[PDB]
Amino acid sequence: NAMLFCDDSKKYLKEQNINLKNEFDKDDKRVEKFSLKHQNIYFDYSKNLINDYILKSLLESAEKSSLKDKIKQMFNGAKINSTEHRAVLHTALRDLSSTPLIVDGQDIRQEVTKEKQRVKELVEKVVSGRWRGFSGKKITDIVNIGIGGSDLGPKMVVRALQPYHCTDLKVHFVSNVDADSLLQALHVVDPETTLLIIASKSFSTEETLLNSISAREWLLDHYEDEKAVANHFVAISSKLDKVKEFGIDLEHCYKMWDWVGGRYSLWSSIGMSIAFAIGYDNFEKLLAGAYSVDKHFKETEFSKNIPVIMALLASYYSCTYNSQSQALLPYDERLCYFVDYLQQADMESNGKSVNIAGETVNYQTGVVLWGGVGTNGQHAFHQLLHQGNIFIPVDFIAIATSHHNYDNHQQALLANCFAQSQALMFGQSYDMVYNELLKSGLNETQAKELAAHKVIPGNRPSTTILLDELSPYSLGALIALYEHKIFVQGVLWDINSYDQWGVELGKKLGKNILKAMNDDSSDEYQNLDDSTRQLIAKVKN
């Protein structure tokens, strides 16, 4: 009996027939109405297909929903991950309020602070040269071993904050079970000067198991002494018992709690590889940026709340226009893994077919998130954004100031960013094109023939999110905005954003198939569908 977001009312707000050009021409307060600021982030949603009436209707749905209660429940540690009976407390990992928070018998403020102090001490000991390898040498390289949430957030952040690297360590990310991943690291590191991190909440992920065992075999092939493990491995894991079976001391094991989802874990000890690149001070700045957005999100009325507006716009489009994807276009090379990261956060959260009560929902939930770095994407897929016939909401991320003095490059980068949202809004009509082709020197026949092919419909929506700079703090704020967008969408859809039951089956079938690959007399082999059986046969012959 939760409120229905995608109802008849929404599907009919569309009938306002918003024309963006007309709105900007007639409403001199358009930008003021449909933009917000949070510190040095400017959120301009004024090129969206909205007016006052549509935004009001959307905000009413939010106000009528359980959202206000759910925000409080998330921050207070209520078990909002209902199918796993877990709290959802990535927010606590970056808290600066120091308000009381006791969850499941633990003082969360103490737990989080003490674990940060441990990671900080590890990083300082390694960077200072107090940590030595087994043969007595200073560490020069860090290799993170993990997949999904134990890989992508740290990898994305390390790249995004490349200008802030300052520890003299090189940080490498091993993830896929495809041994190419492990080999790219091993080919450029020395066992005597490398610290390996096993990043695994469960300590039983197939890929990370094989990678970690293989890395240990490489280390021990070199040293020929099991005692070397102590100087060359640390672990992060919620499952402290499996860490000791692998051979790692508790003093080299870092905590991860059940209330930290993998795809919300970069803020935890899982982010230690971030700290090993940019230093612990900068890691604190990253967390502080996120905290600023957490405070905004928790305290701000919905009509002025950036993540709530992001969520309402996205769910409005996917409900009313039946769009099945959203495009995210970061106009900075440093953000090259940002789409990949948000794919995980968004799609694994909101790709759900049942509501909290377990009922199959009759409305569409999470859509495909995709995109690409600008300006490059302009020469790859923006043709489709401009002249295709797919409805796709677009977010642009712009960074006002970069990390260098090529000011002509930076100005062109921004001009392009802004031109692309302007082009989506305006398009170009048959009459504009036809007249332009005549002025180019085409005769009437030629111009008539070509003009239709150059028509760009326009009236296509976008949001632009402008940062003053891409720093640890502003990046942390940017990520947190999207974390909260995703939460709001899940609440409005009445789904559990924080479980992931859909992946279990493939893990089981994978074990079965590996058995079938190694024994064709097995029940596993006999029960295969014939597509799977012949694929296995082809990778033997």
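The numbering used is simple: start at 1 and walk along the sequence shown.
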Regarding 150-158 and 246-254, which shows the higher C-alpha temperature factor on average in the entry?
246-254
Tell me which stretch, 425-433 or 110-118, has the higher mean Cα B-factor listed in the entry.
425-433
Among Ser66, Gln489, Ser474, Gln500, which residue carries the highest C-alpha B-factor recorded in the PDB entry?
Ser66
Name the residue from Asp468, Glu207, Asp281, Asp241 with the greatest C-alpha temperature factor listed in the entry.
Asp241
Quick check for you: using the entry's CA B-factors within this chain, is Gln411 in the lowest, middle or highest third?
middle
Where does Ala357 sit by CA temperature factor within its chain: lowest, middle or highest third?
highest
Classify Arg30 as lowest, middle or highest third according to the C-alpha B-factor given in the PDB entry, relative to its own chain.
highest
Ranked by Cα temperature factor within the chain, is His90 in the lowest third, the middle third or the highest third?
lowest
Considering only modelled residues of the same chain, in which third does the CA B-factor of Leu505 rank: lowest, middle or highest?
middle
